[PDB]
>>> print(open('final-v6.pdb').read())   # PDB, C-alpha atoms
ATOM      1  CA  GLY A   1      -0.012 -10.304  -1.797  1.00  0.00           C
ATOM      2  CA  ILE A   2       0.481  -6.546  -1.310  1.00  0.00           C
ATOM      3  CA  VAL A   3      -0.500  -6.607   2.383  1.00  0.00           C
ATOM      4  CA  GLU A   4       1.409  -9.800   3.261  1.00  0.00           C
ATOM      5  CA  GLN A   5       4.387  -8.901   1.034  1.00  0.00           C
ATOM      6  CA  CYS A   6       4.717  -5.522   2.795  1.00  0.00           C
ATOM      7  CA  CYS A   7       3.412  -6.160   6.331  1.00  0.00           C
ATOM      8  CA  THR A   8       6.173  -8.727   6.959  1.00  0.00           C
ATOM      9  CA  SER A   9       8.672  -7.404   4.387  1.00  0.00           C
ATOM     10  CA  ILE A  10       9.994  -3.823   4.149  1.00  0.00           C
ATOM     11  CA  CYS A  11       8.778  -3.164   0.590  1.00  0.00           C
ATOM     12  CA  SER A  12       8.751   0.226  -1.168  1.00  0.00           C
ATOM     13  CA  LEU A  13       6.026   2.320  -2.843  1.00  0.00           C
ATOM     14  CA  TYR A  14       6.681   0.377  -6.077  1.00  0.00           C
ATOM     15  CA  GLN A  15       4.045  -2.357  -5.606  1.00  0.00           C
ATOM     16  CA  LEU A  16       1.936   0.280  -3.820  1.00  0.00           C
ATOM     17  CA  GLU A  17       1.587   2.618  -6.823  1.00  0.00           C
ATOM     18  CA  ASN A  18       1.064  -0.448  -9.046  1.00  0.00           C
ATOM     19  CA  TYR A  19      -2.454  -1.092  -7.763  1.00  0.00           C
ATOM     20  CA  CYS A  20      -3.313   2.597  -8.243  1.00  0.00           C
ATOM     21  CA  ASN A  21      -4.265   4.010 -11.665  1.00  0.00           C
TER      22      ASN A  21
ATOM     23  CA  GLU B   1      16.876   1.111  12.379  1.00  0.00           C
ATOM     24  CA  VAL B   2      13.106   0.655  12.803  1.00  0.00           C
ATOM     25  CA  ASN B   3      12.018  -0.128   9.225  1.00  0.00           C
ATOM     26  CA  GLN B   4       8.709   1.157   7.812  1.00  0.00           C
ATOM     27  CA  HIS B   5       5.870  -1.290   7.073  1.00  0.00           C
ATOM     28  CA  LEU B   6       2.053  -1.359   6.906  1.00  0.00           C
ATOM     29  CA  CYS B   7      -0.480  -3.993   8.024  1.00  0.00           C
ATOM     30  CA  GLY B   8      -4.273  -3.706   7.662  1.00  0.00           C
ATOM     31  CA  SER B   9      -5.471  -0.080   7.480  1.00  0.00           C
ATOM     32  CA  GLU B  10      -1.990   1.502   7.609  1.00  0.00           C
ATOM     33  CA  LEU B  11      -1.518  -0.068   4.156  1.00  0.00           C
ATOM     34  CA  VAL B  12      -4.731   1.454   2.757  1.00  0.00           C
ATOM     35  CA  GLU B  13      -3.289   4.793   3.931  1.00  0.00           C
ATOM     36  CA  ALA B  14      -0.133   4.439   1.804  1.00  0.00           C
ATOM     37  CA  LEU B  15      -2.123   3.604  -1.341  1.00  0.00           C
ATOM     38  CA  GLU B  16      -4.537   6.410  -0.426  1.00  0.00           C
ATOM     39  CA  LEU B  17      -1.551   8.739  -0.892  1.00  0.00           C
ATOM     40  CA  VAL B  18      -0.182   7.362  -4.191  1.00  0.00           C
ATOM     41  CA  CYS B  19      -3.642   7.348  -5.749  1.00  0.00           C
ATOM     42  CA  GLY B  20      -5.638   9.878  -3.691  1.00  0.00           C
ATOM     43  CA  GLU B  21      -7.808  10.520  -6.773  1.00  0.00           C
ATOM     44  CA  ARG B  22      -9.971   7.489  -7.635  1.00  0.00           C
ATOM     45  CA  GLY B  23      -8.889   4.442  -5.597  1.00  0.00           C
ATOM     46  CA  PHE B  24      -6.776   1.289  -6.057  1.00  0.00           C
ATOM     47  CA  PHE B  25      -7.482  -2.463  -5.911  1.00  0.00           C
ATOM     48  CA  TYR B  26      -7.467  -2.921  -2.116  1.00  0.00           C
ATOM     49  CA  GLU B  27     -10.651  -1.070  -1.094  1.00  0.00           C
ATOM     50  CA  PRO B  28     -11.766  -1.703   2.505  1.00  0.00           C
ATOM     51  CA  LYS B  29     -14.643   0.746   1.922  1.00  0.00           C
TER      52      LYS B  29
END
>>> encode(input="final-v6.pdb", output="structure tokens")
Amino acid sequence: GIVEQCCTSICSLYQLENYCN
Amino acid sequence: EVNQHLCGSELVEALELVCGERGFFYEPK
């Protein structure tokens, strides 16, 4: 998900600003 | 060194910055 795909993987703000409007 | 990552709460803070206007999917409150 977005918490498991970023809590264990150094993701960027890409998937983060995808859940936002 | 020392990468950046979020896990419970800390994550809601990152999305609170991108959006910071209405809210995103993950909404603990």
>>> closest_atom_pairs(input="final-v6.pdb", of="chain A", to="stretch 8-16 of chain B", cutoff="10 Å", atoms="only C-alpha atoms", output="Markdown table")
| residue | atom | partner | partner_atom | distance |
| --- | --- | --- | --- | --- |
| A:2 | CA | B:11 | CA | 8.7 |
| A:3 | CA | B:11 | CA | 6.9 |
| A:4 | CA | B:8 | CA | 9.4 |
| A:6 | CA | B:11 | CA | 8.4 |
| A:7 | CA | B:11 | CA | 8.1 |
| A:13 | CA | B:14 | CA | 8.0 |
| A:15 | CA | B:15 | CA | 9.6 |
| A:16 | CA | B:15 | CA | 5.8 |
| A:17 | CA | B:15 | CA | 6.7 |
| A:18 | CA | B:15 | CA | 9.3 |
| A:19 | CA | B:15 | CA | 8.0 |
| A:20 | CA | B:15 | CA | 7.1 |
>>> closest_residue(input="final-v6.pdb", among="B:20, B:1, B:29, B:7", to="chain A", atoms="all atoms listed in the file")
B:7
>>> atom_distance(input="final-v6.pdb", atom1="atom CA of residue B:4", atom2="atom CA of residue A:8")
10.2 Å
>>> interface_residues(input="final-v6.pdb", of="chain B", to="chain A", cutoff="6 Å", atoms="only C-alpha atoms", output="PyMOL selection string")
chain B and resi 5-7+15+18-19+24-25
>>> axis_aligned_box(input="final-v6.pdb", around="stretch 2-9 of chain A", padding_each_side="3 Å", output="lines of an AutoDock Vina configuration file")
center_x = 4.1
center_y = -7.7
center_z = 2.8
size_x = 15.2
size_y = 10.3
size_z = 14.3
